Each structure stands twice: as structure tokens, then as C-alpha cells.
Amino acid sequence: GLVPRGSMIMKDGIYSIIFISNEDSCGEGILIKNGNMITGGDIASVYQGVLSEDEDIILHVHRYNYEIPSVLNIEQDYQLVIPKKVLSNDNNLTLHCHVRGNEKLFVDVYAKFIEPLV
């Protein structure tokens, strides 16, 4: 069962990810966590961010394929605020991320651990 935990407790490795926005659009992708470094992406955008802990966790989203819609329909680069706390297991976690400066724009994410780093 999931339990409130610091997102920074996440095991290092590669994660599978599924999300849905407030626009009711879905997307899937990959997420990698090293130290505090978080990098990932899908067929249309990529994202990087550093697990804060003393600051708000900002996840920089960069659209690299405009021929494909954005789960948020922003049509440009933007920032997502990553919660300090998350509901998780040793291999699972979910979180609600909203666009920085507009909590009406968000995505609910489910992350599944796939394997550790080499």
C-alpha cells in the first residue's frame, strides 16, 4: 500500500510513467533518477529537475516535437512544481503536479520502478 513519503526517498533507477492532465489527456513516458537529478521524456517533450529539499522542486519541461499535442496544450516550454511529499511504495508512487503559477493546470502521475542504474 502507498504511504506519504518524501519524493527524495525514491530508489535510483529507471521508471515507467503514466499521466493525465486537467484537460483529460493522457501520456506515457520514461523517468530517470540519479542522485537528486531527474531526467525523462516522452514522444513530444523531455524533462529535467533536481530533487529540492529546501526549495520547491521545479521540473523543467521542454517540448521537442510540436507535431504532437501536449497533454496540457501549452504550446511552449513550461515548469511543473513537484510536491515534496508523495504516496509511494518501494516500486510505486503517484503525485499531482501543477504548472508553476497556475494550479488549475496539472497532471496526475503514476510512476512504476523498472530497474536500477548500472
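Just count from 1 along the sequence shown to find any residue number.
Trainee: Using the B-factors recorded in the PDB entry, average over the C-alpha atoms of 58-66 and of 34-42, then report which stretch comes out higher.
Mentor: 34-42 has the higher mean C-alpha B-factor.
Trainee: Take the C-alpha B-factors listed in the entry for 109-117 and for 3-11, compute each mean, and give the stretch with the larger one.
Mentor: That would be 3-11.
Trainee: So if I compare the CA B-factors in the entry for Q76, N92, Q79, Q48, which one is the largest?
Mentor: Out of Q76, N92, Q79, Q48, the record gives the largest C-alpha B-factor to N92.
Trainee: With respect to C-alpha B-factor, does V71 fall in the lowest, middle or highest third of the chain as deposited?
Mentor: Answer is lowest: the recorded C-alpha B-factor places it there.
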